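Line order of the protein sequences matches chains A and A'. A prime marks a further copy of an entry chain.
The first sequence lines up with residues 33 to 361 when you count with PDB author numbering.
The second sequence lines up with residues 33 to 361 when you count with PDB author numbering.
So the structure is just underneath, and the comments pick up after that.
Number of protein chains: 2
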Amino acid sequence: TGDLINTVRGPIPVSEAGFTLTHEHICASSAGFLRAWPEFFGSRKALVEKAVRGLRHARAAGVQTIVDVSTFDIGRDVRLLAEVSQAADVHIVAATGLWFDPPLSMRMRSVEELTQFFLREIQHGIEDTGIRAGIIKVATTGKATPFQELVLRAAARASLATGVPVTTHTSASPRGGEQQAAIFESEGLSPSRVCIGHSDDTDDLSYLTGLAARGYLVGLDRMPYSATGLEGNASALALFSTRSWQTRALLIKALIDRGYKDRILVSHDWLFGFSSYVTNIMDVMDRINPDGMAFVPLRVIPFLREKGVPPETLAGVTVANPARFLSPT
Amino acid sequence: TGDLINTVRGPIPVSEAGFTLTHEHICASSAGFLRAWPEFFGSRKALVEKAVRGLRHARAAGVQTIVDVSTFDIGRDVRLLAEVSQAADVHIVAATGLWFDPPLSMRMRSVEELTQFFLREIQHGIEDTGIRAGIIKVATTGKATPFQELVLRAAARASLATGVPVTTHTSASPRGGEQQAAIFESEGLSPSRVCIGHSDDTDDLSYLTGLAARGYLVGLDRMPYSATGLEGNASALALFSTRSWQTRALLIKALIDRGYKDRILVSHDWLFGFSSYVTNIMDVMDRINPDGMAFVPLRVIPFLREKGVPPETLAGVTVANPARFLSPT
Ligand SMILES: CCOP(=O)(OCC)Oc1ccc(OC)cc1
Ligand SMILES: CCOP(=O)(OCC)Oc1ccc(OC)cc1
Ligand SMILES: [Co+2]
Ligand SMILES: [Co+2]
Ligand SMILES: [Co+2]
Ligand SMILES: [Co+2]
């Protein structure tokens, strides 16, 4: 009680976030795209309706909060987030930061300028909406580019100023997480403010326990991205692993069994629209995972419980760890 | 009389466009950027005020219309254009198309999808504003990338469907214009619908008369980008030629003297905000060319007249050629 987090509908008590998915998207797009070309998604109205149905399904399954880690260059539309949050009765935390598609107007900026932009979105609000980011999303693509280093440093600085956590995208080992950690630490950022994302891309337990031992949160955040019979489909095969989802889920158990239950965040990296990839990709995705963002609560959590993970431990992972991560600290 | 063109304030008679600058920008930015970070420009209000002063200066000098060739990925903000057009009493023609900073949501699209997007902006309107593009801006960067080829073909197709002209960015010979022409012609686009831009980057008269002889408009569109004493300033030196502006202006005369007065468009490629380059670049630019978009009428046109170009010929270049180009055909 007492701690607050910013959502797209305003401030909420941390203790009300409940079962929280820490890496999700309503729509993965590009800056300006939803506004310039809503018909790409059928219509803005069809996108809202699909997202609200999806989030109502997740809510029925026990999900109370999602963290939408869509940055400016993922075409985050905070008005869309607010509308869907209100219609679905699911809290949504919005993000600042930058992903791997920054336009020239971002790429030309200094660390100090990027810091000011992240702080504006956290402290003032996004665009002219007054809605404030509750997380900072950064991405490196293999070995950090020089601009990516600036982004990571600007993220660390904005976090230090605000207590808001940082969450990352990594390529599949690299293993890019270690370089990100090195940059964050050089800026004096506490690892407990940081989630190293897409850490389920590989079953490298030494990499993962290495990060966890240092205080980092490990984002096991692509839980439903497993499929069979996609070889005649190059673009779909790129997204979906041959590893069963059971294998991804066993990584959560592996980390719990090694003493790191407090260092784990679980999510889907799901979405209801996707213009930054091939056309009609959603048809493929929705056929594979019709449960959408209810996949974790419906499938992953019962599987772990059935494998002997205690309910208190599962509660800790899905409720306590997100609460501690999101609480400005 | 009778022909109409779309402007950001609605339809106007072609014959009212008058003295027209065919390649200009209010603000060179990135999709979404003005909305997410207006303080970059001081404020949106400061940007409007700077642009209105600039355009009032151009208007006092005789300029009646500008064509703002800012595409989606130049962060074109048609509401900004409408506000500045109204306050300055200068017509502004808006653009569709894509420049060299498309986000992933554009880069993943097919020629057919890009065609639909260009047509939406021409026939339906931009975003939700109802303001329709009156020109299609494309860019190649040296040798056309595969995606750039799609853009050029989608531009040709949208032009054929609507009669709206196409205008291009080229690197400084390449000479990229010839490849652009080859693609346009393969799509059956008439050269008289096409302006090959930044053609004043080089004094290659054979290249230029070659295009002009085939019916293309040649865009001599960086008239004020000449300066001295910039060597201690790498970023400024990149924009500004050591060639005096007199030398750029002599290229207009060279083309007129060779019989191609009807194939020439003259402009500045000026702007009042510039976030897609280094910070404070505007301070440099405004010190070099304080006349802004009045530079052509105040300096270039009198210089040509003083060199013996007949007034009727100068009228033809600045008024008739833009009218013929912009008239949907
Ligand atoms: C599975 C969704 O993850 P993604 O990194 O997008 C952010 C949600 O998907 C991609 C989008 C564009 C890409 O460029 C080629 C690659 C992956
Ligand atoms: C002089 C203004 O021309 P520019 O091509 O911008 C469109 C108006 O300027 C540039 C902007 C970004 C660049 O990327 C490195 C290069 C030129
Ligand atoms: Co990611
Ligand atoms: Co993601
Ligand atoms: Co250009
Ligand atoms: Co330009």
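Where a beta carbon is used, it is the ideal one built from N, C-alpha and C, also for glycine.
With respect to 7 Å, is the separation between the Cβ of residue 106(A) and the closest non-hydrogen atom of ligand 8 below this value?
This structure lacks ligand 8; the ligands present are ligand 1, ligand 2, ligand 3, ligand 4, ligand 5 and ligand 6.
Inter-stretch contact at 8 Å, needing at least 3 Cβ pairs: the stretch 93 to 107 of chain A / the stretch 68 to 81 of chain A
Below 8 Å, too few C-beta pairs join the stretch 93 to 107 of chain A and the stretch 68 to 81 of chain A to call them touching: fewer than three.
The beta strand (DSSP E) enclosing residue 221(A), as first and last residue numbers
Run containing residue 221(A): none; DSSP gives neither H nor E here.
Could you have a look at residue 230(A) and say whether DSSP puts it in helix, strand or coil?
Three-state result, residue 230(A): coil.
For a cutoff of 8 Å on Cβ pairs, would you count residue 115(A) as touching chain A'?
It does not: the Cβ of residue 115(A) has no partner Cβ on chain A' nearer than 8 Å.
Within 10 angstroms of the Cβ of residue 322(A), are there 16 or more other Cβ atoms? Answer buried if so, exposed if not.
The residue in question, residue 322(A), is exposed, as its Cβ has fewer than 16 Cβ neighbours within 10 Å.
When you compare the CB positions of residue 297(A') and residue 330(A'), do they come within less than 8 Å of one another, or not?
Note that the C-beta distance between residue 297(A') and residue 330(A') is not below 8 Å.
Which residues share a DSSP beta bridge with residue 130(A)?
Per DSSP, 170(A).
Which residues does DSSP pair with residue 298(A) in a beta bridge?
In the DSSP assignment, the residues bridged to residue 298(A) are 252(A).
Per DSSP, cross-strand counterpart(s) of residue 306(A)
Paired residues: 60(A).
Measuring CA to CA, which of 222(A), 250(A), 221(A), 223(A) is closest to residue 235(A)?
The candidate whose alpha carbon is nearest that of residue 235(A) is 250(A).
Any heavy atom of ligand 3 closer than 7 Å to the beta-carbon of residue 251(A)?
Distances taken from the Cβ of residue 251(A) to the heavy atoms of ligand 3 include none shorter than 7 Å.
Using CA atoms only, rank isn't needed, just tell me which of 240(A), 233(A), 246(A), 239(A) is closest to residue 224(A).
Here the closest residue by C-alpha is 246(A).
Proximal residues to residue 50(A') (C-beta, below 7 Å), its chain only, five neighbours per side dropped
Here the set comprises 96, 97, 351.
Helix or strand or just coil, what does DSSP make of residue 177(A')?
DSSP, reduced to helix, strand and coil, places residue 177(A') outside both helices and strands of the structure shown, so it counts as coil.
Is residue 56(A') buried or exposed, if buried means 16 or more other CB atoms sit within 10 Å of its CB?
Answer is buried; the Cβ neighbour count reaches 16.
Verify the contact flag: residue 101(A'), CB atom, against every heavy atom of ligand 6, threshold strictly below 7 Å.
Yes, the Cβ of residue 101(A') comes within 7 Å of a heavy atom of ligand 6.
Length of the line joining the Cα atoms of residue 164(A') and residue 157(A')
Each residue's alpha carbon lies about 4 Å from the other.
When you compare the CB of residue 99(A') with every CB in chain A, is at least one pair closer than 8 Å?
Chain A, which has no Cβ nearer than 8 Å to the Cβ of residue 99(A'), makes this no.
Check whether chain A' comes within 8 Å of residue 214(A), counting only Cβ atoms and requiring the distance to be less than that.
Output row for residue 214(A): interface = no.
Express the C-alpha separation of residue 335(A') and residue 348(A') in angstroms, rounding to a whole number.
Approximately 16 Å between the Cα atoms of the pair.
I'd like the list of long-range same chain contacts for residue 82(A'), defined as Cβ closer than 7 Å, with 5 residues on each side in sequence excluded.
Non-local beta-carbon contacts of residue 82(A') in its own chain, meaning distances under 7 Å to residues more than five positions away in sequence, involve 304 in chain order.
At a cut-off of 7 Å, would you count residue 301(A) as near ligand 1, judging by its Cβ distance to the nearest heavy atom?
Yes; taking the cut-off as 7 Å, the Cβ of residue 301(A) has a heavy atom of ligand 1 nearer than that.
Taking only the alpha-carbon atoms, compute the straight-line gap between residue 272(A') and residue 295(A) and give it to the nearest angstrom.
If you draw a straight line from the Cα of residue 272(A') to the Cα of residue 295(A), it is about 54 Å long.
Ligand 2 and residue 60(A'): does the residue's C-beta get closer than 7 Å to at least one heavy atom of that ligand?
Yes, ligand 2 has a heavy atom inside 7 Å of this Cβ.
Out of curiosity, what's the CA-to-CA distance linking residue 325(A') and residue 60(A)?
Between residue 325(A') and residue 60(A), the alpha-carbon positions lie close to 39 Å from each other.
Would you please state the rounded distance, in angstroms, between the beta carbons of residue 188(A') and residue 151(A')? I believe it to be under 8 Å.
Distance from residue 188(A') to residue 151(A') at the Cβ level is roughly 12 Å; contact not present, criterion being Cβ atoms closer than 8 Å.
Using a Cβ-Cβ distance cut-off of 8 Å, determine whether residue 140(A') contacts chain A.
Closer than 8 Å: yes.
Quick one, which of 176(A'), 119(A'), 54(A') has its alpha-carbon nearest residue 79(A')'s?
For residue 79(A'), the closest alpha carbon among the candidates 176(A'), 119(A'), 54(A') is that of 119(A').
What three-state label does DSSP hand residue 125(A') in the structure shown?
If DSSP states are grouped into helix, strand and coil, residue 125(A') belongs with the strands.
Using DSSP's beta-bridge definition, name the partner residues of residue 42(A).
DSSP, once it has assigned bridges, lists 39(A) as partnering residue 42(A).
Residue closest to residue 222(A), alpha-carbon to alpha-carbon, out of 200(A), 230(A), 192(A), 203(A)
With respect to the C-alpha of residue 222(A), the residue from 200(A), 230(A), 192(A), 203(A) having the closest C-alpha is 192(A).
Which residues in the same chain as residue 209(A) place their Cβ atom closer than 8 Å to its Cβ, once the five residues preceding and following it in sequence are excluded?
200, 202, 228, 231, 239, 243, 248, listed in sequence order.
Applying the criterion that 16 or more other CB atoms from any shown protein chain within 10 Å of the CB defines a buried residue, is residue 299(A) buried or exposed?
Buried.
Taking 7 Å as the cut-off, is the C-beta of residue 222(A') nearer than that to any heavy atom in ligand 1?
A distance criterion of 7 Å places the beta-carbon of residue 222(A') beyond contact range of ligand 1, judged by its closest non-hydrogen atom.
Within 10 angstroms of the Cβ of residue 77(A), are there 16 or more other Cβ atoms? Answer buried if so, exposed if not.
Exposed, because fewer than 16 other Cβ atoms sit within 10 Å of the Cβ of residue 77(A).
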